[PDB]
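Heads up: the sequence shown is residues 9 to 272, going by my numbering. Ideal Cβ positions, reconstructed from N, Cα and C, are used throughout, including at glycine. Structure first, commentary second.
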Amino acid sequence: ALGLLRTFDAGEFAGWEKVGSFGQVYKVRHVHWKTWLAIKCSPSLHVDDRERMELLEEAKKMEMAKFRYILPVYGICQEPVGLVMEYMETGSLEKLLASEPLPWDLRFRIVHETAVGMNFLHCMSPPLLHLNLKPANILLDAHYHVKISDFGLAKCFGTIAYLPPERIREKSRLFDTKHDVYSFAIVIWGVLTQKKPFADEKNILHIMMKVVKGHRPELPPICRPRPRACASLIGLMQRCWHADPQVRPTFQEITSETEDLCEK
Ligand SMILES: C[C@]12O[C@H](C[C@]1(O)CO)n1c3ccccc3c3c4c(c5c6ccccc6n2c5c31)CNC4=O
Ligand SMILES: [Cl-]
Numbered sequence: 009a010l011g012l013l014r015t016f017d018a019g020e021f022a023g024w025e026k027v028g029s030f031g032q033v034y035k036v037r038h039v040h041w042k043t044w045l046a047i048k049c050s051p052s053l054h055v056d057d058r059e060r061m062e063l064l065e066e067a068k069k070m071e072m073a074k075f076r077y078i079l080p081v082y083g084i085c086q087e088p089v090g091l092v093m094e095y096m097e098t099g100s101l102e103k104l105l106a107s108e109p110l111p112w113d114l115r116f117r118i119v120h121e122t123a124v125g126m127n128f129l130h131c132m133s134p135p136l137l138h139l140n141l142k143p144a145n146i147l148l149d150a151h152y153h154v155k156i157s158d159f160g161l162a163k164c165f166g167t168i169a170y171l172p173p174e175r176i177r178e179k180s181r182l183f184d185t186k187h188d189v190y191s192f193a194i195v196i197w198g199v200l201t202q203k204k205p206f207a208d209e210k211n212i213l214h215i216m217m218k219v220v221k222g223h224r225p226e227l228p229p230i231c232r233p234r235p236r237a238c239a240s241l242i243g244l245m246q247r248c249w250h251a252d253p254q255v256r257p258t259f260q261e262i263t264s265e266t267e268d269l270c271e272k
């Protein structure tokens, strides 16, 4: 797993340019490879053995999930302590959703590709739970294709909206695949509306409490350009954010439906 990863010396990189914020992310040129990469550096001053081992754990989890829709990892920098990864020119879905209105065909393809990546993680033996899935961690290449990133919290702030209600109900429940399915529901919501969930609201505590009783982000209306596909997606979203985790679909079931939203 960690055998193929390379150690990078900071002299190998140039043109450091901030893109991130957690930890700072930089676009770097690898001078000998004549290509750009991304490096996420630690926020602290003293990088202890706890961090350096966790960073290695983060890298090994990414390498085990090599896939078309998962962000490739190249290795670690020691000079500044950082994880070295593929560069995704277009940045995050969060930024894309806030920029301009997206055509519906692209929206459906983003949802589908995100679902196929998540399905791949849950198909591993044992399943890899992402546990931090949100528009900020869904990255886009020059042609707007998805690769899932941020494996910092994966297991074999603004995150409250993506947190399943059972995680608010139970003091430290055991993590499962149904956690990611909930977060994905809230991702669908953001793609449908181009808004951040619970953006208007004053305090988190009231909404969190209501979320435990079955409250969710307000359903969007049916769109004019693709009303049928939009209705189907709204329906799937709703099943994916059901209060009972066992009633939620699997990503196997999700990917089957999101595929039909793309094919005309
Ligand atoms: C912090 C964050 O910076 C932005 C988006 C971001 O996810 C925060 O919303 N951000 C960008 C903005 C504009 C262009 C590229 C990125 C980028 C990249 C990565 C990451 C990344 C990896 C692991 C955790 C966080 C990461 N980011 C990344 C990121 C990893 N690969 C990247 O290219
Ligand atoms: Cl339609």
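Endpoints, the alpha helix (DSSP H) within which residue i is located
| i | result |
| --- | --- |
| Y190 | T185 to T201 |
| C238 | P235 to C248 |
| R58 | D57 to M72 |
| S264 | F259 to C270 |
| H214 | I212 to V220 |
| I176 | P173 to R177 |
| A106 | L101 to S107 |
| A123 | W112 to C131 |
N- and C-terminal bounds of the beta strand (DSSP E) containing residue i
| i | result |
| --- | --- |
| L147 | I146 to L148 |
| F21 | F21 to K26 |
| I156 | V154 to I156 |
| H38 | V33 to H38 |
| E94 | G90 to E94 |
| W41 | Per DSSP, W41 belongs to no beta strand (DSSP E) and is neither H nor E. |
| residue 3 | Nothing about residue 3 can be reported from this structure: the residues present for the chain run from 9 to 272 only. |
| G83 | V81 to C85 |
Proximity test, residue i beta-carbon vs ligand 2 heavy atom, cut-off 8 Å
| i | result |
| --- | --- |
| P235 | yes |
| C238 | yes |
Per-residue burial, residue i [other beta carbons within 10 Å of its own, 16 or more giving buried]
| i | result |
| --- | --- |
| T167 | exposed |
| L129 | buried |
| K26 | exposed |
| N127 | buried |
| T258 | exposed |
| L10 | exposed |
| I230 | exposed |
| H214 | exposed |
| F206 | buried |
| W249 | buried |
| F192 | buried |
| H54 | exposed |
| residue 1 | In the structure as shown, the chain begins at 9 and stops at 272. Residue 1 is therefore absent and cannot be evaluated. |
| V255 | exposed |
Residue i: CB within 8 Å of a non-hydrogen atom of ligand 1
| i | result |
| --- | --- |
| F16 | no |
| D158 | yes |
| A46 | yes |
| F75 | no |
| residue 306 | It is not possible to answer for residue 306, since the shown part of the chain is limited to 9 through 272. |
| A169 | no |
| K35 | yes |
| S180 | no |
| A207 | no |
| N145 | yes |
| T98 | yes |
| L141 | no |
| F21 | no |
Same chain, Cβ closer than 8 Å to residue i, neighbours up to 5 away in sequence not counted
| i | result |
| --- | --- |
| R177 | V220 |
| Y82 | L13, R14, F16, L45, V92, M93 and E94 |
| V33 | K26, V27, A46, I47, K48 and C49 |
| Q86 | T15, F16 and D17 |
6 Å Cβ shell around residue i - same chain, five flanking residues per side excluded
| i | result |
| --- | --- |
| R234 | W112 |
| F75 | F128 |
| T266 | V119, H120 and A123 |
| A239 | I230 |
Close-in-space but distant-in-sequence residues of the same chain around residue i (CB under 7 Å, 5 per side omitted)
| i | result |
| --- | --- |
| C270 | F116, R117 and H120 |
| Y152 | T98 and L114 |
| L161 | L139 and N140 |
CB contact below 9 Å: residue i versus chain D
| i | result |
| --- | --- |
| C270 | The chain inventory of the structure shown lacks chain D, comprising one protein chain alone. |
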